[PDB]
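Chemist: Following this line is run_9.json, made up of JSON, C-alpha atoms:
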[["chain", "number", "residue", "atom", "x", "y", "z"],
["A", 22, "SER", "CA", 8.92, 27.16, -88.51],
["A", 23, "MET", "CA", 9.03, 30.15, -90.75],
["A", 24, "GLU", "CA", 6.96, 28.29, -93.39],
["A", 25, "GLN", "CA", 4.08, 27.50, -90.90],
["A", 26, "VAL", "CA", 3.97, 31.25, -90.07],
["A", 27, "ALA", "CA", 3.87, 32.29, -93.78],
["A", 28, "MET", "CA", 1.01, 29.77, -94.28],
["A", 29, "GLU", "CA", -0.80, 31.22, -91.22],
["A", 30, "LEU", "CA", -0.40, 34.76, -92.68],
["A", 31, "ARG", "CA", -1.99, 33.48, -96.00],
["A", 32, "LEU", "CA", -4.92, 31.85, -94.09],
["A", 33, "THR", "CA", -5.34, 35.08, -92.17],
["A", 34, "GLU", "CA", -5.44, 37.09, -95.33],
["A", 35, "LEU", "CA", -7.93, 34.58, -96.91],
["A", 36, "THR", "CA", -10.06, 34.94, -93.78],
["A", 37, "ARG", "CA", -9.88, 38.70, -94.18],
["A", 38, "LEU", "CA", -10.99, 38.51, -97.84],
["A", 39, "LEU", "CA", -13.74, 35.94, -97.06],
["A", 40, "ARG", "CA", -15.00, 38.19, -94.25],
["A", 41, "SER", "CA", -15.53, 41.04, -96.72],
["A", 42, "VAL", "CA", -17.20, 38.55, -99.19],
["A", 43, "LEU", "CA", -19.50, 37.37, -96.36],
["A", 44, "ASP", "CA", -20.47, 40.96, -95.55],
["A", 45, "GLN", "CA", -21.27, 41.70, -99.16],
["A", 46, "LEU", "CA", -23.38, 38.50, -99.48],
["A", 47, "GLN", "CA", -25.25, 39.17, -96.27],
["A", 48, "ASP", "CA", -26.10, 42.71, -97.51],
["A", 49, "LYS", "CA", -28.03, 41.00, -100.30],
["A", 50, "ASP", "CA", -30.40, 39.55, -97.59],
["A", 51, "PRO", "CA", -31.82, 42.72, -96.11],
["A", 52, "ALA", "CA", -34.81, 40.93, -94.62],
["A", 53, "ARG", "CA", -32.33, 38.76, -92.60],
["A", 54, "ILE", "CA", -34.12, 35.59, -93.68],
["A", 55, "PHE", "CA", -30.79, 33.72, -93.72],
["A", 56, "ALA", "CA", -29.13, 35.40, -90.73],
["A", 57, "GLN", "CA", -29.63, 32.70, -88.14],
["A", 58, "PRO", "CA", -30.25, 28.92, -88.07],
["A", 59, "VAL", "CA", -33.79, 27.68, -88.74],
["A", 60, "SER", "CA", -35.21, 27.26, -85.22],
["A", 61, "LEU", "CA", -35.80, 23.61, -84.25],
["A", 62, "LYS", "CA", -38.20, 24.86, -81.52],
["A", 63, "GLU", "CA", -40.32, 26.55, -84.25],
["A", 64, "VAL", "CA", -39.74, 24.01, -87.07],
["A", 65, "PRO", "CA", -39.35, 20.77, -85.13],
["A", 66, "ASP", "CA", -39.38, 18.46, -88.22],
["A", 67, "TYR", "CA", -36.64, 20.53, -90.06],
["A", 68, "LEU", "CA", -33.86, 17.98, -89.81],
["A", 69, "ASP", "CA", -36.17, 15.33, -91.35],
["A", 70, "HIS", "CA", -36.11, 17.53, -94.48],
["A", 71, "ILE", "CA", -32.72, 19.22, -94.43],
["A", 72, "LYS", "CA", -29.67, 17.17, -93.53],
["A", 73, "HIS", "CA", -27.06, 19.94, -93.56],
["A", 74, "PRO", "CA", -28.54, 23.22, -92.23],
["A", 75, "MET", "CA", -26.65, 26.40, -92.85],
["A", 76, "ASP", "CA", -27.02, 30.13, -92.24],
["A", 77, "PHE", "CA", -24.92, 33.26, -92.12],
["A", 78, "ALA", "CA", -24.22, 33.26, -88.31],
["A", 79, "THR", "CA", -22.95, 29.67, -88.51],
["A", 80, "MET", "CA", -20.70, 30.60, -91.50],
["A", 81, "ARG", "CA", -19.38, 33.56, -89.53],
["A", 82, "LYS", "CA", -18.37, 31.31, -86.58],
["A", 83, "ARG", "CA", -16.48, 28.97, -88.93],
["A", 84, "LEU", "CA", -14.83, 31.97, -90.66],
["A", 85, "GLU", "CA", -13.56, 33.48, -87.38],
["A", 86, "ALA", "CA", -12.17, 30.09, -86.38],
["A", 87, "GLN", "CA", -10.26, 30.31, -89.74],
["A", 88, "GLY", "CA", -12.20, 27.20, -90.59],
["A", 89, "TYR", "CA", -12.40, 27.95, -94.36],
["A", 90, "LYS", "CA", -9.27, 26.61, -96.19],
["A", 91, "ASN", "CA", -10.17, 27.93, -99.66],
["A", 92, "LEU", "CA", -13.01, 29.81, -101.35],
["A", 93, "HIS", "CA", -14.56, 26.51, -102.58],
["A", 94, "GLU", "CA", -15.41, 25.44, -98.99],
["A", 95, "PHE", "CA", -16.93, 28.89, -98.34],
["A", 96, "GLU", "CA", -19.04, 28.68, -101.50],
["A", 97, "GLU", "CA", -20.25, 25.24, -100.51],
["A", 98, "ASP", "CA", -21.70, 26.74, -97.29],
["A", 99, "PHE", "CA", -23.29, 29.63, -99.15],
["A", 100, "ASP", "CA", -24.85, 27.28, -101.65],
["A", 101, "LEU", "CA", -26.28, 25.25, -98.72],
["A", 102, "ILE", "CA", -28.14, 28.30, -97.44],
["A", 103, "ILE", "CA", -29.79, 28.81, -100.85],
["A", 104, "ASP", "CA", -30.37, 25.18, -101.79],
["A", 105, "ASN", "CA", -31.86, 24.18, -98.39],
["A", 106, "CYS", "CA", -34.32, 27.06, -98.64],
["A", 107, "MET", "CA", -35.33, 26.27, -102.19],
["A", 108, "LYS", "CA", -36.12, 22.67, -101.16],
["A", 109, "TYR", "CA", -37.94, 23.26, -97.85],
["A", 110, "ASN", "CA", -39.99, 26.18, -99.09],
["A", 111, "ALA", "CA", -42.30, 26.20, -102.07],
["A", 112, "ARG", "CA", -41.78, 28.43, -105.08],
["A", 113, "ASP", "CA", -44.61, 30.82, -104.19],
["A", 114, "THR", "CA", -43.14, 31.85, -100.76],
["A", 115, "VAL", "CA", -41.27, 34.87, -99.59],
["A", 116, "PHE", "CA", -38.49, 32.53, -98.39],
["A", 117, "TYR", "CA", -37.93, 30.77, -101.77],
["A", 118, "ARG", "CA", -38.01, 34.13, -103.53],
["A", 119, "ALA", "CA", -35.47, 35.56, -101.09],
["A", 120, "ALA", "CA", -33.11, 32.71, -101.85],
["A", 121, "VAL", "CA", -33.42, 33.21, -105.60],
["A", 122, "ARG", "CA", -32.55, 36.94, -105.23],
["A", 123, "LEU", "CA", -29.59, 36.07, -102.95],
["A", 124, "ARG", "CA", -28.25, 33.55, -105.41],
["A", 125, "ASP", "CA", -28.56, 35.97, -108.37],
["A", 126, "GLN", "CA", -27.05, 38.95, -106.50],
["A", 127, "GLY", "CA", -24.35, 36.90, -104.82],
["A", 128, "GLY", "CA", -23.08, 35.47, -108.15],
["A", 129, "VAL", "CA", -21.52, 38.82, -109.01],
["A", 130, "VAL", "CA", -19.64, 39.00, -105.65],
["A", 131, "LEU", "CA", -18.45, 35.39, -105.89],
["A", 132, "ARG", "CA", -17.30, 35.84, -109.48],
["A", 133, "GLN", "CA", -14.90, 38.62, -108.39],
["A", 134, "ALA", "CA", -13.77, 36.89, -105.20],
["A", 135, "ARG", "CA", -12.69, 33.91, -107.33],
["A", 136, "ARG", "CA", -10.54, 36.19, -109.52],
["A", 137, "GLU", "CA", -9.05, 37.92, -106.34],
["A", 138, "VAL", "CA", -8.21, 34.57, -104.73],
["A", 139, "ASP", "CA", -6.48, 33.25, -107.90],
["A", 140, "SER", "CA", -4.80, 36.65, -108.49],
["A", 141, "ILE", "CA", -3.44, 37.26, -104.91],
["A", 142, "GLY", "CA", -2.64, 33.48, -104.59]]
Give the structure from the file, written as structure tokens.
Modeler:
Amino acid sequence: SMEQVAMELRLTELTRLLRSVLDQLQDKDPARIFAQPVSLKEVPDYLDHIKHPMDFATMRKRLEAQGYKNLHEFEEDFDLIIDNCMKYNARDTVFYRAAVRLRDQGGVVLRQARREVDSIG
């Protein structure tokens, strides 16, 4: 149908906008602390602590599968990255501190993306 195509063009454009949002968020992690999944070879007890792991490569795979239906789902994944880190790592660690800075710096980017998504429909 012509409607299914119009919907698909909207998802494609959302994916395009979320890709730019992801790139801007990932720039706020220059140490690449959140780039890849926590290694289960190197932290073998991780899943006993963290039930829903997340990281930027895993978000990118979902994005390119057009697996994000709205910005809320995207934000949920970003929030997982931060919140998992802030639980597993203690306050006085480079990892915790990196998450705090990512949260604070990302807020600005997510604030505007929410306006753009509402604005452009």
Chemist: Which one is closest to residue 117 (chain A): A:47, A:138, A:54, A:40? Count all atoms listed in the file.
Modeler: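 The answer is A:54, which sits nearest to residue 117 (chain A).
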Chemist: State, in Å with one decimal place, the distance from CA of residue 27 (chain A) to CA of residue 78 (chain A).
Modeler: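 Straight-line distance from CA of residue 27 (chain A) to CA of residue 78 (chain A) works out to 28.6 Å.
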Chemist: Looking at all atoms listed in the file, which of A:45, A:125, A:94, A:109 is the one that sits closest to residue 68 (chain A)?
Modeler: A:109
Chemist: Give as an MDAnalysis selection string every residue, naming chains and numbers as the document does, that has an atom within 12 Å of (-19.8, 34.3, -107.7), counting all atoms listed in the file.
Modeler: chainID A and resid 42:43 45:46 92:93 95:97 99:100 123:138
Chemist: CA of residue 140 (chain A) and CA of residue 36 (chain A) are how many Å apart?
Modeler: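 Going from CA of residue 140 (chain A) over to CA of residue 36 (chain A), I get 15.7 Å.
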Chemist: Please compute the CA of residue 120 (chain A)-CA of residue 55 (chain A) distance, one decimal, in Å.
Modeler: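 The value is 8.5 Å.
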Chemist: So, with only C-alpha atoms as the atoms that count, which of A:76, A:34, A:29, A:44 lies closest to residue 59 (chain A)?
Modeler: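 Of the candidates, the smallest distance to residue 59 (chain A) is held by A:76.
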Chemist: Which residues, written as a PyMOL selection string, have at least one atom at most 12 Å from residue 57 (chain A), with only C-alpha atoms counted and residues fewer than 6 positions away on the same chain left out?
Modeler: chain A and resi 47+50+74-82+102
Chemist: So, with only C-alpha atoms as the atoms that count, which of A:52, A:71, A:61, A:35 lies closest to residue 89 (chain A)?
Modeler: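 Nearest to residue 89 (chain A): A:35.
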Chemist: Between A:105, A:110, A:60, A:33, which has the minimum distance to residue 85 (chain A) (counting all atoms listed in the file)?
Modeler: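 Ranked by minimum distance to residue 85 (chain A), first place goes to A:33.
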